[PDB]
Amino acid sequence: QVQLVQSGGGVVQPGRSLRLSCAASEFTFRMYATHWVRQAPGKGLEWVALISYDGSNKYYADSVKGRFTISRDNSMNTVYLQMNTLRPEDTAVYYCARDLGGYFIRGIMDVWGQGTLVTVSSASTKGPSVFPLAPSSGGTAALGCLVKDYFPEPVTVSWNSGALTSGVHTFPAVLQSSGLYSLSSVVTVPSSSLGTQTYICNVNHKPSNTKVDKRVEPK
Amino acid sequence: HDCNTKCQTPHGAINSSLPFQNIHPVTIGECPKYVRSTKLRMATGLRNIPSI
Amino acid sequence: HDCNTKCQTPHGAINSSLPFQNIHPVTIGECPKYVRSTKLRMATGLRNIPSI
Amino acid sequence: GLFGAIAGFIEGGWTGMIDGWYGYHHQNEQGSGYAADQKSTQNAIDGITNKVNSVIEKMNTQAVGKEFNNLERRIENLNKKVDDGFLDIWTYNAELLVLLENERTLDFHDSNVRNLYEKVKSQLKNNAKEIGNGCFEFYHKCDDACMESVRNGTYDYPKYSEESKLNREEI
Amino acid sequence: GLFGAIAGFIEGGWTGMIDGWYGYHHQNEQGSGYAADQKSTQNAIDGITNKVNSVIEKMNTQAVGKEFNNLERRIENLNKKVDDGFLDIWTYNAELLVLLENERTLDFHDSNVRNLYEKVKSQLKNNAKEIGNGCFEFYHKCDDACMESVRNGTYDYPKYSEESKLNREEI
Amino acid sequence: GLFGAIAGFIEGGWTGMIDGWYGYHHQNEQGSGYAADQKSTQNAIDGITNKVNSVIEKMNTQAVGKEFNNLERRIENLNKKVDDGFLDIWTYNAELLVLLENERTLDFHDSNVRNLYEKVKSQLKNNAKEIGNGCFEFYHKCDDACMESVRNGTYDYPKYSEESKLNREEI
Amino acid sequence: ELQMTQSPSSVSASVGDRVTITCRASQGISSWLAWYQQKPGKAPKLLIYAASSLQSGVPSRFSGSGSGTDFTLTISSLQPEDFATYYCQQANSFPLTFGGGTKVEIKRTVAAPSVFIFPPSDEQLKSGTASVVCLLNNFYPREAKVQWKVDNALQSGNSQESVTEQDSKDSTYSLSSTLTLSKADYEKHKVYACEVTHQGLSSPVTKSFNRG
Amino acid sequence: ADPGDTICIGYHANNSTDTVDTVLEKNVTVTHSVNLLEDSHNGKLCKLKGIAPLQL
Amino acid sequence: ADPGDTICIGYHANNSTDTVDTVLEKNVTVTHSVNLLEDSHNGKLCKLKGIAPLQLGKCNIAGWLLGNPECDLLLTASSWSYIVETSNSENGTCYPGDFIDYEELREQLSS
Ligand SMILES: *[C@@H]1O[C@H](CO)[C@@H](O[C@@H]2O[C@H](CO)[C@@H](O)[C@H](O)[C@H]2NC(C)=O)[C@H](O)[C@H]1NC(C)=O
Ligand SMILES: *[C@@H]1O[C@H](CO)[C@@H](O)[C@H](O)[C@H]1NC(C)=O
Ligand SMILES: *[C@@H]1O[C@H](CO)[C@@H](O)[C@H](O)[C@H]1NC(C)=O
Ligand SMILES: *[C@@H]1O[C@H](CO)[C@@H](O)[C@H](O)[C@H]1NC(C)=O
Ligand SMILES: *[C@@H]1O[C@H](CO)[C@@H](O)[C@H](O)[C@H]1NC(C)=O
């Protein structure tokens, strides 16, 4: 049944505008109202807006109102969220959800979209800095890789391209006041096979087409 | 012309989600099924009786 | 193999009385009609409500 | 469903009623029992079997793979166009004919139940009250002979009418 | 229609009932209001959407115009025979599948209404009389709490039964 | 059938009712007569004629025998495959469209009857009792003018209500 | 200004346990309350609407109750697939409002943190800033508590840590605190250590390095 | 009253988990049903009228 | 009595003028309906996957591939989303004769 395919997420600058999409795979969608809900990174869900099946009405949060316009194109079987006066506090992943009742609004959200990430910041796209985290002692030692100062959306890390996922830990990104993003990925590796065996982390930064390669070894 | 469509017929482009069209049997792209009808409307609601 | 059937398809023999099969469109013998479905089950009984 | 009896005003089925699809539960002095309405179950069975046979009896006869050379691409596409064309028709027919008749059958059964309940209400009139969930509480004394008279539809109404009048007036 | 409620024993609709397809109008001491039966409207909505999806979900895939020379008149007529043959089938299917389901949907809604009216009659029994046009005049005093108890189907029948007995006897 | 009136709670038809499909038999002081319900018979007639026209109005246009030589065996088999393919579809459609609509029509008529009987019960309320087989025994005196008032649906209920109250209490 | 509050903010539970979350609304919202389930990085699922109506896909383990101002969701026998965050939501009036979320987490045996220390790589020193990384690896429950001590001086507002989720294989956590200094303030000191207290450890544990 | 004997009307229920689709509804559990669709084969090529195929 | 409070049961009505056909009846006004039939186009030939069609103009497949001198607008053609022949497409073989299996070639070209 209904898949809602979301569209139009992206990196944007405060003030400048963005439009979101929610396209339903199934004809009957045009008989239901549609919610937009969002979720600031690491934070709770926040209701944003609704539009009835015709577009008749049309409801907004207070967080946003006179900055966001919800619209609907029933022939194209899609729903739109237009976002104008964007502000760093509007950064979030955005979900559209079909309403349980419409034709009769019930205010409950029963089918959800995958969600689309929107980042409001005044910061240039930047390729990550990578650093070694050198192992030395302990019990059966551990090593990692610091991926500092990047922008924006997400990075991905993997060990020996994927020739080891045994005990890999990638920590959530952190947004420091520079506006950049830091994180690190680590692994405990069996035995003191460090002064012998090769280990390489590969950071893939999509929203910049950077692929970095970090061989890591001790002192 | 310099327009974009996901469905094209010799009379013109169709920009629509409906399951049926009566525009033309020949289509290129993702199009609704051609039928000869002039009306295919499905009731969803009830008989509308706004008063006595 | 050294088996017997009254209906044969390139995937294997069908040994059945049902009116439909979704095994293969090509058959030799007396076979059920091929359709693309994965389910054609007809109610004969009532809605089964074994308790409150 | 359509006639609001099954999963409707009669809230559930009886796993204890082995002998049929529709029937009666009785409680008197002598005890408790189930009994199928043999006649309506029978009418149903015949109805349903006939339905099933019609859908199937219809369907009949036809694929014989062909080959074409490199300069016969048009008749090859036509052959495929034909094969796929019929295959979708026959698939649609079948799937939808089944969706339609399933809907109708569950409504048929629903109707049968409502109609059975109404056949009783009809006989008993004001000699018993309706207490919901398809149950009839008797204003009079109904032994095993009297219950059988309800189920075979030959209930003597005035026989117990006078005993039932005086019970509605007081308690 | 088939169940004689819509445009039947309930003569018309309520332009004042925004929240649903079926529901209740109440009059007590506290005032007047409308309320949708959220549950049956919901069942209807789901039923109808499912119907719509089935008719459509079915339909799928196929035209690619061909040319023939002056000595290929037979395969040309066959190609046209094929194209027209499927086009009429698919046209008939579609038009008639819609005529059929429209008929059934309006009857569905009709049934839902009748069934809603019967669910109430069932609860209230002789604590209120039927005054026609799908209206129930109470033999007792029914405040806002008592009305809500009807709509959510949890009406306490004996609670008001004694007050209602003495009102049928006299006025 | 589905609505348990025809061959149901009303056990048989009236060979004496020439003027319509549904109607009324009356017995008063002045005598006995039949009368058709012109309006519901009319609604039925229109409904049924429309149904018949739709099934038929749909169907339209098409066979033109072809020949093939000894080296054209593949296009010959395709031509036959096409001809037989459509012939079975059109045969199935027709036979089953008729089986379906016959089923529905007999249920339509059944519904019309039940609905007519309910329209009366509705008017008369407790001024007359139901005595089965679709019959209403009057608690009051109903002359030819009073019968006409039932059939045209404009029966004055309270007019005879007081005379009918005192007849239920005693005899 | 409707305000939905959820209680508690976390619960840890064994599979099979009966978990019960509450949600309170600042004013009366009749019985118009819904519950959603959200696993991390996926969309929410609807569970219950109208205080207590179970949504069609949903296992009957789930059960809502309450009216007016106080509402509870009960999971009768926590299954493995039930560990997620649960949000309530009022559907009485617009704007619509979500409670703040209750995370329900797996409860495994106590596991102590394997702790490691990480000097700023000499490449990073060239950029201008120095980052020291403390690693607390595979511990249960969520607990520590790291203290960056530099020559026995304690730090505040110059470290940030972030935590992983319950590991899908063994239900553990990992944690890393990073100390961000300037290259010059990194020079001023020689001994760098982080101290961990966790309940799997009786005495606080220290890993330290000497710059050089 | 006085005894208040009861008769009730009801329908069959059993431990069937067979489900059908109707137009208004999916996965309806029913007391009895018939499968119209064959989906099993024996994965081999066999004789017909007791004559073996020709394997080229 | 005494107050005689009333509850009634009813159905939605609105200011919809949408009408459907059922088998028993035509032009039934209903509260809500869905159109299943598209009948609008924009009267133009447009791009598909953002690639313009090939407009053969006065030429036809034959004049195009052969290189009829009226088809010089086509000499640099390389990609397209589909091929358009207009009902003015007359320029094909200029020197007269049979184009053998031409119809088959058209078929080959339509993929
Ligand atoms: C291209 O097509 C045009 C149109 O058919 C050709 O011009 C015609 O030629 C005929 C026969 O010689 C003349 O009688 C007409 O005067 C022309 N008609 C028009 C409308 O111009 C032309 O020959 C073709 N050119 C080539 C190179 O094939
Ligand atoms: C028609 O569809 C295309 C994309 O398929 C789009 O570019 C164009 O704007 C659409 N029409 C409307 C009215 O939005
Ligand atoms: C399958 O059919 C043939 C006869 O048609 C028979 O010899 C064989 O035993 C059948 N299969 C079973 C399971 O009996
Ligand atoms: C019906 O059951 C099947 C079982 O495979 C499942 O895929 C599907 O989700 C069910 N459909 C609905 C509407 O519950
Ligand atoms: C239905 O409406 C159309 C509107 O164009 C009209 O042509 C037709 O006469 C109507 N049909 C009937 C039976 O009233």
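Residues numbered from 1 in each chain as written, not as in the entry; some residues may be left out. Chains lettered and ligands numbered in written order. Part of a larger assembly, values for the part shown. Heavy atoms only, no water. Residues with missing side-chain atoms left out of burial classes, pairs and counts.

### Looking at the site of ligand 1
All names here are of chain I. Residues in close proximity to ligand 1 include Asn 68, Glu 70, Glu 90, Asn 91 and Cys 94, which together make up its full environment. Within the side chain of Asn 68, one N or O atom sits 3.3 Å away from an oxygen atom of ligand 1. Between an oxygen atom of ligand 1 and a side-chain N or O atom of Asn 91, the distance comes to 2.3 Å. Compared with its free state, where it exposes 590 Å², ligand 1 has 28% of that area covered by protein. Partitioning the shell around ligand 1 into residue classes produces 1 nonpolar, 2 polar and 2 charged. (Near = heavy atom within 4 Å. Polar contact = N/O pair within 3.5 Å; in protein donor to acceptor, adjacent residues only side chain to side chain. Areas by Shrake-Rupley, 256 points an atom, 1.4 Å probe, with all protein chains shown as cover. Nonpolar A, V, L, I, M, F, W, Y, C, P; charged D, E, K, R; others polar.)

### Regarding the interface of chain I and chain B
Taken together, the contacts link 33 residues of chain I with 36 residues of chain B. Counting each side, the surface lost to burial between chain I and chain B is near 3200 Å², with a carbon and sulfur contribution of 58%. Inspection of the chain I/chain B interface yields 2 salt bridges. Elements represented by at least two residues in the side of chain I that touches chain B include exactly strand 2 (19–20), strand 3 (28–29), strand 4 (33–35) and strand 5 (37–38) of chain I. It is strand 4 of chain I that contributes the most residues to the side of chain I that touches chain B, 3 residues altogether. For the side of chain I that touches chain B, a count of residues per class yields 12 nonpolar, 15 polar and 6 charged. (Contact = heavy atoms within 4.5 Å. Buried area = accessible area lost by both parts, 1.4 Å probe. Salt bridge = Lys/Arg side-chain N within 4 Å of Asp/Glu carboxyl O. Helix = DSSP H or I, 4+ residues; strand = E, 2+ residues; numbered from the N terminus.)

### Concerning the UniProt feature "disulfide bond" in chain B
Here the UniProt disulfide linking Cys 7 of chain B with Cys 31 of chain B is intact, its two sulfur atoms sitting 2.1 Å from each other. Within this pair, whereas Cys 7 of chain B is found in strand 1 (residues 7–9), its partner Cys 31 of chain B is found in the loop between strand 4 (28–29) and strand 5 (33–34), the two being separated by 24 residues in sequence. (Disulfide = S-S within 2.5 Å. UniProt positions renumbered as here; feature names shortened; annotations may be inferred.)

### Quick notes on unusual backbone geometry
Here the bond from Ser 7 of chain G into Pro 8 of chain G is cis, since omega is -10°, no more than 30 degrees from zero. The residue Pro 8 of chain G is located in the loop between strand 1 (4–7) and strand 2 (10–13) in this model. A cis amide bond links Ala 1 of chain I with the next residue in sequence, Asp 2 of chain I, at an omega value of -5°. Along the chain, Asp 2 of chain I falls in the segment before strand 1 (6–11). Phi is positive for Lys 125 of chain E, close to 35°, though the residue is something other than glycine. Here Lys 125 of chain E shows up in the loop between helix 2 (73–124) and strand 3 (128–130). With a phi angle near 70°, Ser 171 of chain G is a residue other than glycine that sits in the positive phi range.

### Let's talk about helix 3 (residues 144–151) of chain F
Residue and element names in this part refer to chain F. Among all positions of helix 3, only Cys 146, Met 147, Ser 149 and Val 150 are buried. The arc that holds the buried residues of helix 3, viewed along the axis, is 155°, so those residues lie on one side. Looking at the packing, one finds that the buried side of helix 3 touches strand 1 (23–27), helix 2 (73–124) and strand 4 (136–138). Where helix 3 terminates, the next one or two residues include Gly 153, which has phi positive at roughly 75°. (Buried < 20%, exposed > 50% of the residue type's maximum accessible area, 1.4 Å probe, protein only. Arc of directions from axis to C-beta.)

### Comments concerning the nonpolar core
The biggest cluster of nonpolar side chains holds 106 residues, and the ones touching the most others in it are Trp 21 and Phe 138 of chain E together with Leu 36 of chain I. Here this core gets 14 residues from one element, more than from any other, and that element is helix 2 of chain E. The residues touching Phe 138 of chain E, leaving out its near neighbours within four places in the chain, are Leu 124, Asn 127, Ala 128, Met 147, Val 150 and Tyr 155 of chain E together with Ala 1, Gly 4, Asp 5 and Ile 7 of chain I. The next biggest cluster of nonpolar side chains, apart from the first, holds 46 residues, and it includes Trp 36, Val 64 and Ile 70 of chain A together with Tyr 87 of chain G. (Core = buried A, V, L, I, M, F, W, Y, C linked by side-chain atoms within 4.5 Å.)

### Looking at the interface of chain F and chain D
Each partner contributes residues to the interface: chain F has 27 residues there, and chain D has 27 residues. The largest share of the area that chain F buries against chain D comes from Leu 2, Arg 74 and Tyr 92 of chain F, three residues that together contribute 32% of it. On the surface where chain F and chain D come into contact, there are 4 salt bridges. A salt bridge links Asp 83 of chain D to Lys 81 of chain F, with the nearest nitrogen and oxygen atoms 2.7 Å apart.

### A word on the sheet that holds strand 5 (residues 33–34) of chain C
Spatial strand order, 5(C)-3(C)-5(H): 3 strands in an open sheet with parallel pairing. Of all strands in the sheet, those bounded by a partner on one side alone are strand 5 of chain C together with strand 5 (37–38) of chain H. Pairing geometry for strand 3 (residues 20–21) of chain C and strand 5 of chain H, over 2 bridges, is parallel. When the sheet's bridge partners are listed, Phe 20 of chain C is paired in strand 5 of chain H with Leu 37 of chain H. (Pairing = 2+ DSSP bridges.)

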